[PDB]
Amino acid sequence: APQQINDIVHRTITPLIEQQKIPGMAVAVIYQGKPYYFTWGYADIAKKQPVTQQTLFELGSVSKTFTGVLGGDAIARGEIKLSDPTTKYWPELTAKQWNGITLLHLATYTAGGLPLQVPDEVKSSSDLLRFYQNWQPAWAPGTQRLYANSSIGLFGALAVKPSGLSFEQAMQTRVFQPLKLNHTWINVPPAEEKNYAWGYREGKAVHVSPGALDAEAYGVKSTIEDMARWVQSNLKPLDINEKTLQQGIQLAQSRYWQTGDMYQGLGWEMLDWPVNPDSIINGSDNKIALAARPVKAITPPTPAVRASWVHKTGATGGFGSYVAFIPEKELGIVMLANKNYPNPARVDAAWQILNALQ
């Protein structure tokens, strides 16, 4: 890499790893559309396995960007519409609170207070139907945003229904394969387990637990190389040869709602560039990011604005990730770690790096 990228990356990440006691880390910078990789520390402490460009990390909620793009692709295919009622795709959802709740609402966390977490007790499709039927909204549809795995998780599950494919098969065939993300998995195969990093929580080695709607909301594992490729595809969707996927990426970066200075897309969240770093850094803290906030509808939604800071934080019990890019500048970053450390520390590191290279 050029010495400039090398120096800002190392001057930013070394202190971060030290301060946050991160066991292992991988970073990709996309600069003028080209990837540069960096690795530190351990994928497995006990077995002394280093982090490499082939190490798989749990993306956690960064998975929602894939779910948003898969959904966008389904729209482009004419299989679903964001304006469709939820009940169109799940007829057994007959409780009257679901009247007026559309796939847009589910995708953008504005259904009216669907919970952050699907309860642990909810396993089967039966359990799930019962859970959503009994769910009582706090607000009317399209009035407040409350970030929720049970919202976009349901979107993902319903969005692939017309295709006839499982969510995994839909994602593999329609997103991972076309984009050559050949080391990106919802379920890590035995052949790839050698590369699967351990997560670390209070010093214990942990992997993500199975849960309802896990694949759709937080279930993707990937390498720094594939994630750089994911950023490149979202930076430059017009280079993608599959028409519906190209279109779906653009729909995921459309601005559907505004709260404060952030805009909600499908998975992705966006701010106008130039951004105020205090807004993204402080905004990434869960005191704001998980808070219930009123939303203003963008009527109709704004197509993907090139002059945007487009990003997503993501965590599991043992992992902490961040992706951010600025289409206007052919510039982006992926930060993958096997500890869940505070979001603002991630966004601060990212902004220092990208601001320096912009």
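Residues carry their position along the shown sequence, with the first being 1.
Enquirer: At a threshold of one third of the other compared entries, does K287 come out as unmodelled?
Expert: It is, since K287 is left out of at least a third of the other entries that model both flanking stretches.
Enquirer: If you average the Cα B factors in the entry, which is higher, 215 to 223 or 82 to 90?
Expert: According to the entry, 82 to 90 carries the higher average C-alpha B-factor.
Enquirer: Per the PDB record, is the mean Cα temperature factor higher over 281 to 289 or over 108 to 116?
Expert: Between 281 to 289 and 108 to 116, it is 281 to 289 that shows the higher mean C-alpha B-factor.
Enquirer: Whose C-alpha has the highest temperature factor in the PDB entry: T184, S254, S150, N241?
Expert: That would be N241.
Enquirer: Going by the deposited entry, which of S124, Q133, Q264, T102 has the highest CA temperature factor?
Expert: Of the candidates given, the C-alpha B-factor peaks at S124.
Enquirer: Would you check the entry's CA temperature factor for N343 and let me know if it's in the chain's lowest, middle or highest third?
Expert: CA B-factor rank for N343: middle third.
Enquirer: Compared with the other modelled residues in the chain, in which third is the CA B-factor of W273?
Expert: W273: CA B-factor falls in the highest third of its chain.
Enquirer: Among all modelled residues of this chain, ranked by Cα B factor, put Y200 in the bottom, middle or top third, i.e. lowest, middle or highest.
Expert: Middle third of the chain for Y200's C-alpha B-factor.
Enquirer: Check where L331 lands among this chain's C-alpha B-factors and tell me if it's the lowest, middle or highest third.
Expert: Its C-alpha B-factor, which the entry lists for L331, ranks in the highest third among residues of this chain.
Enquirer: Among the chain's modelled residues, which third holds the C-alpha B-factor of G41?
Expert: For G41, whose C-alpha B-factor we compare with every modelled residue in the chain, the answer is the middle third.
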